[PDB]
Amino acid sequence: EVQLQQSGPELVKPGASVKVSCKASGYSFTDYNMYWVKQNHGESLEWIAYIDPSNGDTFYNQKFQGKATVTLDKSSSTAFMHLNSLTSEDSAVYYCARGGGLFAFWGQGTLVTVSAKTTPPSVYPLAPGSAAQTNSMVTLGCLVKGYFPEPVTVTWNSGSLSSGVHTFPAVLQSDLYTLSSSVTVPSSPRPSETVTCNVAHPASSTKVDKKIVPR
Amino acid sequence: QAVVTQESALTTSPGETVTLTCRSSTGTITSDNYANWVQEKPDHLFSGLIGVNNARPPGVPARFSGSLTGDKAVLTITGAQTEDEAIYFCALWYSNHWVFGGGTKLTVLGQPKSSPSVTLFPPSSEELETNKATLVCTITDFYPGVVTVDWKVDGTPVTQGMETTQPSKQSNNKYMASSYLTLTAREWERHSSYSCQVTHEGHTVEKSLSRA
Ligand code: NA
Ligand code: NA
Ligand code: NA
Ligand code: NA
Ligand code: NA
């Protein structure tokens, strides 16, 4: 029954402030402490502060004291963490975990990102370099490059060419994200039968195809 | 306060017993630290494993056992399974502050060692007119999920561009990933051979092309 249903992912510009909501279910709200931990990309977990419904009083990490603020909503049994003057290094996933004799059950986490600008990706085709088919199978791909934000969505021939597809993790190059997807088919389908990658970039209303043509 | 020292990454196999440690830099680790261990399964999924330097169950396997060694805490996994493969974080309490360890990355080999199929792509048409030449090296169906990717341009080992990613798992449980080589057209139109050689254990699978 216990559930720590955490609030939706965030995205803001520097100097902005966010408030994370952590609704809890499945246990008595007043019996346990709620902790607000911070996991930043690579640097892993970080304790921020904790509030005690059991005493009302809150406890903060001094390196966070002025940045974040913990409040409790007993009426709905919901904890909140406020983040102020957001900056680049404040970008991460924020978790709420309940007390006990350990950080027993955690929330699903809420991601917060601060940064720059929105940019649809510039998609490029990747075609075999005058090779052929060694296994009678050929691999074509698509360069989903320099976009913002995430995520990117890539399909091959409208999701009709589902097998053979490998869509890779985005990468941060010029403080924009570059991605990759690849399809493997027999050497008969290409180029006789059309092969196209459909990349959808949500934040920009983008839906663009890249027909792949032999060099 | 101090430095909670954890293993960076460890690997084991089903039926084996694994030992994880967590060191306190302030010294002897006691009950006043309330040593806690959490588990993070790779979906950025978190859960409590052991608290009170002892306490076991919310429904945590009997095989997971925590302890206090002397100047550090130890999480022993006796009879290690594949689903234990996750990231283990430790936490020591000094006052009024909580410090978590770096996190111990435990991989449980639960499938045969498979090798990567690499496919090198040269810069596209449309792209090269943008003064840019991105080479892409896809790495697919490799288990375990660890590879290093080396480039050399015209035999010249590359220290530039090299944007390799962390291996993401595939439907078949194996891993996939790619490495990018970006630079300018002039550079591109400057050499002949561009090679990507992938490292997955003691074998390097190279992949080249002579554009011109
Ligand atoms: Na598809
Ligand atoms: Na869209
Ligand atoms: Na042509
Ligand atoms: Na998992
Ligand atoms: Na067991």
Side-chain angles (χ1 to χ4, degrees), chain A residues 37 39 42 44-45 95 97 100-106 108-109, chain B residues 4-24 29 33-92 100-116 141-148 166-177 199-203:
Chain A
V37 90
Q39 168 182 47
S44 284
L45 284 209
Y95 296 83
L102 76 172
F103 294 118
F105 249 356
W106 308 51
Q108 20 85 188
Chain B
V4 175
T5 292
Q6 286 209 236
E7 338 268 352
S8 212
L10 270 169
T11 311
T12 214
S13 330
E16 260 277 5
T17 283
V18 30
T19 302
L20 295 75
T21 69
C22 171
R23 183 234 52 176
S24 174
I29 186 161
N33 287 138
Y34 314 113
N36 140 78
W37 279 84
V38 276
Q39 208 191 51
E40 159 162 33
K41 284 292 241 158
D43 321 68
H44 352 297
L45 213 244
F46 281 91
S47 29
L49 203 66
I50 319 283
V52 200
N53 312 356
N54 40 79
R56 267 239 325 281
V60 163
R63 74 182 176 272
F64 277 109
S65 147
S67 131
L68 291 175
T69 310
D71 2 307
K72 50 206 196 191
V74 174
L75 171 78
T76 318
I77 299 173
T78 304
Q81 261 5 291
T82 45
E83 56 285 3
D84 295 334
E85 162 175 52
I87 295 83
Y88 301 87
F89 284 102
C90 179
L92 295 200
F100 302 88
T104 299
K105 207 207 105 219
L106 178 85
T107 306
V108 180
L109 342 133
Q111 100 126 237
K113 238 188 247 250
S114 169
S115 238
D141 302 309
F142 68 85
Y143 186 88
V146 182
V147 347
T148 306
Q166 0 61 287
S168 294
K169 227 178 287 126
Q170 327 174 331
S171 339
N172 67 327
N173 275 5
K174 268 163 210 193
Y175 288 81
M176 84 194 20
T199 278
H200 187 229
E201 252 80 86
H203 306 288

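Letters A, B, ... mirror the listed sequences (proteins, then strands); counts begin at 1. Computed over heavy atoms, backbone and side chain alike; hydrogens, waters and symmetry mates excluded.
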Determine whether a donor-acceptor pair (N or O, by modelled atom type, separation under 3.5 Å) exists between the side chain of [X] and the backbone of [Y].
| X | Y | result |
| --- | --- | --- |
| B:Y143 | B:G110 | yes |
| B:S114 | B:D141 | yes |
| B:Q81 | B:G79 | yes |
| B:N172 | B:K174 | yes |
| B:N36 | A:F103 | yes |

- Query: When the ring planes of A:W106 and B:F100 are compared, do they come out parallel, tilted or perpendicular, using 30° and 60° as the limits?
  - Reply: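 A:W106 and B:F100: tilted rings.
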- Message: Does anything in residues 55-70 of chain B form a side-chain hydrogen bond (donor to acceptor under 3.5 Å, both in side chains)? List the pairs, not counting sequence neighbours.
- Response: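 Of all non-adjacent pairs touching residues 55-70 of chain B, those that pass side-chain hydrogen bond (donor to acceptor under 3.5 Å, both in side chains) are B:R63-B:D84.
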Side-chain heavy atoms of [X] within contact of [Y], under 4.5 Å:
| X | Y | answer |
| --- | --- | --- |
| B:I50 | A:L102 | no |
| B:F142 | B:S115 | no |
| B:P144 | B:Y175 | no |
| B:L20 | B:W37 | yes |
| B:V38 | B:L49 | no |
| A:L45 | B:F46 | yes |

- Query: Considering residues at least two apart in sequence or located in another chain, which fulfil the side chain to side chain contact (heavy atoms under 4.5 Å, CB included) criterion with B:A80?
  - Reply: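 Listed in chain order: B:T12, B:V18, B:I77.
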- B:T17: side chain to side chain contact (heavy atoms under 4.5 Å, CB included) partners, not counting sequence neighbours: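 Here the qualifying residues are B:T76, B:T78.
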Closest heavy-atom pair and its distance - [X], [Y]:
| X | Y | answer |
| --- | --- | --- |
| B:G48 | B:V60 | O-CG2, 3.9 Å |
| B:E85 | B:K41 | O-NZ, 2.6 Å |
| B:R23 | B:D71 | CG-O, 3.6 Å |
| B:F89 | B:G101 | CD2-O, 3.5 Å |
| A:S44 | B:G102 | OG-O, 3.3 Å |
| B:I29 | B:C22 | CD1-O, 4.2 Å |

With sequence neighbours left out, write down each residue that passes side-chain hydrogen bond (donor to acceptor under 3.5 Å, both in side chains) with [X], or none if nothing qualifies.
| X | value |
| --- | --- |
| A:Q108 | none |
| B:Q39 | B:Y88 |
| B:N53 | none |

- B:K105/B:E7 ion pair, N-O < 4.0 Å: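 Salt bridge flag = no for B:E7 with B:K105.
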- Would you give the length of the straight line joining atom CG of B:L106 to atom OG1 of B:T11, rounded to the nearest 0.5 angstrom?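 Reported value, rounded in 0.5 Å steps: 7.0 Å.
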- Side-chain donor-acceptor contact under 3.5 Å, B:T104 with B:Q6: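 Side-chain D/A pair, B:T104 to B:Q6: present.
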- Message: Show, in sequence, the C-alpha distance, side-chain angles and deciding distance for B:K169 and B:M176, and conclude whether the side-chain contact (heavy atoms from CB on, under 4.5 Å) test is met.
- Response: CA-CA 6 Å; B:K169 227 178 287 126; B:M176 84 194 20; over 6 Å; no
